[PDB]
Amino acid sequence: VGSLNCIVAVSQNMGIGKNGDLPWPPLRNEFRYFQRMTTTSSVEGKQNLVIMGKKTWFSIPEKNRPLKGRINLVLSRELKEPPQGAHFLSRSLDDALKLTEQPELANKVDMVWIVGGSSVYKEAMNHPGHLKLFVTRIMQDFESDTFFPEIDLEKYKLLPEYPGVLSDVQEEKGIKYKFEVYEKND
Ligand SMILES: NC(=O)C1=CN([C@@H]2O[C@H](COP(=O)(O)OP(=O)(O)OC[C@H]3O[C@@H](n4cnc5c(N)ncnc54)[C@H](OP(=O)(O)O)[C@@H]3O)[C@@H](O)[C@H]2O)C=CC1
Ligand SMILES: CN(Cc1cnc2nc(N)nc(N)c2n1)c1ccc(C(=O)N[C@@H](CCC(=O)O)C(=O)O)cc1
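The authors' numbering puts the first residue of the sequence shown at 1, with every later residue one more than the last.
Okay, structure coming up:
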């Protein structure tokens, strides 16, 4: 079990979702990077694990579920079994990480990626330990219904750079955004 990382795309107003989907038009390069980041493994024969709440799992188009090349995990206190297509189900973020420690998975998984949503971000974000937040800053306001918790800047530092992450403003469909990385250790 290597790195613990969060990944999110937020609008100027700190908003990640609107009625089950994103607040913005689909940015395919944005999705490209999301997929590239979460799927790439720095260790041969090992895979990345993605942790998502049940409403995030349900917002991924059916056809792209479970996300490919990735070990998929849903979080939920209601469901009895993983939703069709899922690989694992856990009742807590602490349980999900322990499973990583199980020999089943202990040799198959490299980094673990938290893909949301909020409640889920919030807890991981405050998890004791070393962590990184890969944030896409979508540069405009989008009416949303679900938000990203605030970044505590007194704990989380913005890096001037990071290998494999474009440092310049992207713009697609007239919507500009930038990629950022925060690092923590406490
Ligand atoms: N722009 C972006 O980066 C992202 C946008 N989105 C979008 O935002 C929305 C996702 O929203 P959100 O409401 O936060 O949904 P989640 O995807 O977090 O779904 C919440 C469900 O997940 C379970 N759950 C969540 N956190 C935990 C935990 N720590 N322990 C146990 N169970 C947990 C609960 O399930 P139960 O009720 O079964 O107990 C809760 O009802 C959609 O609009 C989606 O499209 C989502 C992710 C990233
Ligand atoms: C609703 N949603 C959650 C979502 C969307 N954008 C994000 N963007 C970032 N930066 N971080 C997130 N956590 C994130 N999550 C989705 C929706 C679709 C796919 C998806 O179908 N993903 C493909 C990428 C397919 C594509 O390239 O368009 C994959 O193979 O991972 C992922 C997440």
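Heads up, the beta-carbon is just placed ideally off N, CA and C, and yes, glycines get one too.
By a C-beta neighbour count over all protein chains shown, 10 Å radius and 16 as the cutoff for buried, is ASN29 buried or exposed?
Position 29 of the sequence shown, counting from 1, holds the residue named residue 29. Burial call: exposed.
Identity of the residues DSSP links to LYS157 by a beta bridge
Position 157 of the sequence shown, counted from the first residue, corresponds to residue 157. According to DSSP, which records beta bridges pairwise, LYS157 is partnered with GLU183.
Is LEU73 near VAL50, with beta carbons less than 8 Å apart?
Indexing the sequence shown from 1 puts residue 73 at position 73. Indexing the sequence shown from 1 puts residue 50 at position 50. Yes; because the gap between Cβ atoms is below 8 Å, this pair is in contact.
Local conformation of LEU67 per DSSP, three classes
Translated into positions along the sequence shown, residue 67 becomes position 67. Reduced to three states, the DSSP call for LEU67 is coil.
Using the DSSP secondary-structure output, state which residues sit across from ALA9 in a beta bridge.
Here the question's residue 9 lines up with position 9 in the sequence shown. BP columns for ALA9 point to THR136.
Using CA atoms only, rank isn't needed, just tell me which of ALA96, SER59, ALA124 and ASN185 is closest to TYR156.
Within the sequence shown, numbered from 1, the residue matching residue 156 stands at position 156. Nearest option by C-alpha distance: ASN185.
Nearest-angstrom Cα separation, counted from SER42 out to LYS132:
Residue 132 sits at position 132 when you count from the first residue of the sequence shown. Residue 42 sits at position 42 when you count from the first residue of the sequence shown. Spanning the two alpha carbons is a distance of roughly 16 Å.
Is the separation between the beta-carbon of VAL120 and that of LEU93 shorter than 8 Å?
Translated into the one-based positions of the sequence shown, residue 120 becomes position 120. Translated into the one-based positions of the sequence shown, residue 93 becomes position 93. Their beta carbons are under 8 Å apart, which means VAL120 touches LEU93 by this criterion.
Check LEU93 in the structure and name its three-state DSSP category.
Along the sequence shown, read from residue 1 onward, the residue named residue 93 stands at position 93. Helix at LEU93.
Kindly indicate which residue of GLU172, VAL181 and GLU183 has the alpha-carbon position closest to the one of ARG32.
On the sequence shown, position 32 is the one that residue 32 refers to. Comparing Cα-Cα distances from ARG32 to each of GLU172, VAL181 and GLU183, the minimum goes to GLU172.
So what's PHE147 in DSSP terms, helix, strand or just coil?
As a working note, residue 147 is residue 147 in the sequence shown. Three-state result, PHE147: strand.
How is the alpha helix (DSSP H) around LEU105 delimited, first residue to last?
Locating residue 105 in the sequence shown gives position 105, where the first residue counts as 1. 103 to 106 is the span of the alpha helix (DSSP H), which, as asked, contains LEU105.
Do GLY17 and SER144 have their beta-carbon atoms positioned less than 8 Å apart in this structure?
Here residue 144 is taken as the residue at index 144 of the sequence shown, counted from 1. Here residue 17 is taken as the residue at index 17 of the sequence shown, counted from 1. The answer is yes: Cβ separation under 8 Å.
Should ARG91 and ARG77 be called a contact, given that it needs their Cβ atoms to be closer than 8 Å?
As a working mapping, residue 91 is identified with position 91 in the sequence shown. As a working mapping, residue 77 is identified with position 77 in the sequence shown. It is a contact, given that the beta carbons lie within the stated cut-off.
Taking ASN48 as the reference, give the member of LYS178, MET14 and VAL109 with the closest Cα.
Taking the sequence shown and counting its residues from 1, one reaches residue 48 at position 48. Per the Cα distances, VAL109.
Neighbourhood of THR56 by C-beta distance below 7 Å, restricted to the same chain and skipping five residues each side
Position 56 of the sequence shown, counting from 1, holds the residue named residue 56. Only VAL115, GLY116 and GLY117 meet the Cβ criterion.
Could you check the C-alpha separation between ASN126 and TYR162 for me, to the nearest Å?
The residue you call residue 126 lines up with position 126 of the sequence shown. The residue you call residue 162 lines up with position 162 of the sequence shown. Distance between the alpha carbons of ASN126 and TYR162 is about 22 Å.
What residue range does the alpha helix (DSSP H) around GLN35 cover?
Position 35 of the sequence shown holds residue 35. First-last of the alpha helix (DSSP H) with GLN35: 28 to 39.
Residue span of the beta strand (DSSP E) that contains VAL165, given as start and end
Locating residue 165 in the sequence shown gives position 165, where the first residue counts as 1. Here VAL165 belongs to no beta strand (DSSP E), and DSSP marks it neither H nor E.
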